[PDB]
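Visitor: Protein chains in written order, with the deposited numbering: chain Q, 2 to 50; chain E, 1 to 99; chain j, 146 to 193; chain K, 3 to 57.
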Amino acid sequence: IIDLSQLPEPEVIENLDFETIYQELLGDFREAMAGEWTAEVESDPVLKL
Amino acid sequence: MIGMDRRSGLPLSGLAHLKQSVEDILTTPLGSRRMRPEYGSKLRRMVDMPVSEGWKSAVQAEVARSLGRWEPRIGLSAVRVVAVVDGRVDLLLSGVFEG
Amino acid sequence: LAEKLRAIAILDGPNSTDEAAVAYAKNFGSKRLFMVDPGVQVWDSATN
Amino acid sequence: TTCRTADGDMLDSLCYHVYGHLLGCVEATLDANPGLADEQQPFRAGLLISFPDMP
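See below:
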């Protein structure tokens with residue numbers, strides 16, 4: 002009888018940090034907007050979204 | 001009020017924000033928005049209704065309704081049916097500018 | 146082909162100098178030809 | 003009160019015609035439906051949603 006609730010936590014889904022989630026979304030966004038991306042498109046309201 | 005442009009993401013406040021809200025409202029139907037089934041217009045349901053004098057009483061109401069609900073910064077002047085060409089109904093919508 | 150369809154055949158000249166762009170457009174003379182000479186540089190998603 | 007969807011029907015559109023409002027009426031539908039959320043938001047042609055009473 003050994004308590005299993007005293008171990009390091011198991012991750013069932015991977016727990017990425019805030020930065021590699023952001024660039025993973027940007028890559029998908031560029032593919033969707035392919036042929037339409039412009040410097041003006043990456044505006045301040047769009048980035049804060 | 002400061003909003004973002006629909007295409008290109010640019011922050012515009014007065015001129016095109018008042019235009020991207022009105023011109024969207026006339027072609028956005030009801031129930032297309034998520035959890036907001038009362039936003040939009042009945043103008044997509046006014047297609048293929050017979051063009052009568054009671055039909056213009058509905059479109060001049062639904063322009064005054066759907067913009068009167070969700071766009072208080074626009075004062076509607078006149079919705080005059082000016083031409084019936086080939087079934088196409090030309091409705092002139094001259095709006096005032098605010099801000 | 147543009148007269149058979151009553152279309153406007155949009156051409157594009159070479160990306161060479163303007164002496165070669167005028168000397169290419171001096172062959173056509175027809176009203177259904179629209180020539181856009183300088184080649185567009187566009188960002189690619191494949192070659193990045 | 004189980005109803006059958008169509009292949010393009012969506013959840014918030016359906017229970018607005020049934021109930022009349024959407025405050026606390028969509029997630030209660032996802033609560034009292036086994037595996038409805040697992041199914042994609044554009045519903046298939048013949049899924050069964052049981053709409054509960056007293057929203």
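Ideal placement from N, C-alpha and C gives every residue a C-beta, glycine not left out.
When the cut-off is 8 angstroms and only beta carbons count, does E/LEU10 lie next to chain Q?
Guide: On the second sequence, residue 10 of chain E is found 10 positions in, with the first residue counted as 1. It does; some Cβ of chain Q falls within 8 angstroms.
Visitor: Which same chain residues, not among the five before or five after E/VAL63, have their C-beta less than 6 angstroms away from its C-beta?
Guide: For the purposes of this step, residue 63 of chain E is taken as residue 63 along the second sequence, with counting starting at 1. For E/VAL63, where only same-chain residues beyond five positions count, the Cβ hits under 6 angstroms are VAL79.
Visitor: Could you check whether the segment 182-193 of chain j touches the segment 9-17 of chain K, counting it as contact only if at least three pairs of C-beta atoms, one from each stretch, sit closer than 8 angstroms?
Guide: Touching, no.
Visitor: Going along the chain, which residues of the segment 5-19 of chain K sit with their C-beta nearer than 8 angstroms to a C-beta in chain E?
Guide: If the cut-off is 8 angstroms between Cβ atoms, the segment 5-19 of chain K has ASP14, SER15, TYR18 near chain E.
Visitor: To the nearest whole angstrom, what separates the beta carbons of K/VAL20 and K/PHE53, a pair I think is in contact under 8 angstroms?
Guide: Against the fourth sequence, residue 20 of chain K aligns to sequence position 18. Against the fourth sequence, residue 53 of chain K aligns to sequence position 51. Yes, K/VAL20 and K/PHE53 are in contact; Cβ-Cβ is about 6 angstroms, under 8 angstroms.
Visitor: Can you find a C-beta in chain K that's less than 8 angstroms from the C-beta of E/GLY40?
Guide: Against the second sequence, residue 40 of chain E aligns to sequence position 40. It does not: the Cβ of E/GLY40 has no partner Cβ on chain K nearer than 8 angstroms.
Visitor: What are the boundary residues of the alpha helix (DSSP H) that E/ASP90 is part of?
Guide: In the second sequence, the residue the question calls residue 90 of chain E occupies position 90. Counting along the chain, E/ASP90 falls outside any alpha helix (DSSP H), though it belongs to the beta strand (DSSP E) covering 89-95.
Visitor: Please compile the residues from chain K whose C-beta is within a distance smaller than 7 angstroms of the C-beta of E/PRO29.
Guide: As a position in the second sequence, residue 29 of chain E is number 29, starting the count at 1. Those within 7 angstroms of E/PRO29 in chain K number zero; the least Cβ separation is about 11 angstroms.
Visitor: Could you tell me whether the Cβ atoms of E/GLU71 and E/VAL22 are closer together than 8 angstroms?
Guide: For the purposes of this step, residue 71 of chain E is taken as residue 71 along the second sequence, with counting starting at 1. For the purposes of this step, residue 22 of chain E is taken as residue 22 along the second sequence, with counting starting at 1. In contact: E/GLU71 and E/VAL22 (Cβ atoms closer than 8 angstroms).
Visitor: In angstroms, rounded to a whole number, what distance separates the CA positions of Q/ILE2 and Q/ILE14?
Guide: Indexing the first sequence from 1 puts residue 2 of chain Q at position 1. Indexing the first sequence from 1 puts residue 14 of chain Q at position 13. Each residue's Cα considered, the two are about 28 angstroms apart.
Visitor: Tell me, please, whether the CB atom of E/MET1 is closer than 8 angstroms to any CB atom in chain Q?
Guide: The residue given as residue 1 of chain E occupies position 1 in the second sequence. So no, E/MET1 is outside the interface.
Visitor: Pick out whichever of j/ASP182, j/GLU148, j/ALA147, j/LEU146 has its Cα sitting closest to the Cα of j/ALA166.
Guide: The count along the third sequence starts at 1 and reaches residue 166 of chain j at position 21. That would be j/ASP182, whose Cα lies nearest to the Cα of j/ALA166.
Visitor: For a test of the three-state rule: what should DSSP assign to Q/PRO11, helix, strand or coil?
Guide: Position 10 of the first sequence, counted from the start, is the residue given in the question as residue 11 of chain Q. Three-state DSSP puts Q/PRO11 in coil, outside helix and strand.
Visitor: Mind checking if j/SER190 is an interface residue toward chain Q, Cβ cutoff 8 angstroms exclusive?
Guide: Here residue 190 of chain j refers to the residue found at position 45 when the third sequence is read from its first residue. At least one chain Q Cβ lies under 8 angstroms of j/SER190.
Visitor: Going by the DSSP bridge assignment, what does E/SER41 pair with across the sheet?
Guide: Here residue 41 of chain E is taken as the residue at index 41 of the second sequence, counted from 1. E/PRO29.
Visitor: Quick test of your reading: E/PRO50 and Q/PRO46, contact by CB under 8 angstroms. State the CB separation rounded to the nearest angstrom.
Guide: Taking the first residue of the second sequence as 1, we reach residue 50 of chain E at position 50. Taking the first residue of the first sequence as 1, we reach residue 46 of chain Q at position 45. The Cβ separation is near 44 angstroms, so there is no contact.
Visitor: Would you mind reading off the limits of the beta strand (DSSP E) that contains K/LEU49?
Guide: Taking the first residue of the fourth sequence as 1, we reach residue 49 of chain K at position 47. Unbroken run through K/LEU49: none, as it is neither H nor E.
Visitor: Starting from E/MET35, find everything on chain K with Cβ-Cβ shorter than 8 angstroms and list it in chain order.
Guide: Here residue 35 of chain E corresponds to residue number 35 of the second sequence, with the count starting at 1. The answer, in chain order, is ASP14, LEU24, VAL28.
Visitor: Where does the unbroken alpha helix (DSSP H) through E/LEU67 begin, and where does it stop?
Guide: One-based indexing of the second sequence puts residue 67 of chain E at position 67. Segment 53-70, the alpha helix (DSSP H) holding E/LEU67.
Visitor: For a cutoff of 8 angstroms on Cβ pairs, would you count E/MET4 as touching chain Q?
Guide: For this step, residue 4 of chain E is matched to residue 4 along the second sequence. It does: the Cβ of E/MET4 has a partner Cβ on chain Q nearer than 8 angstroms.
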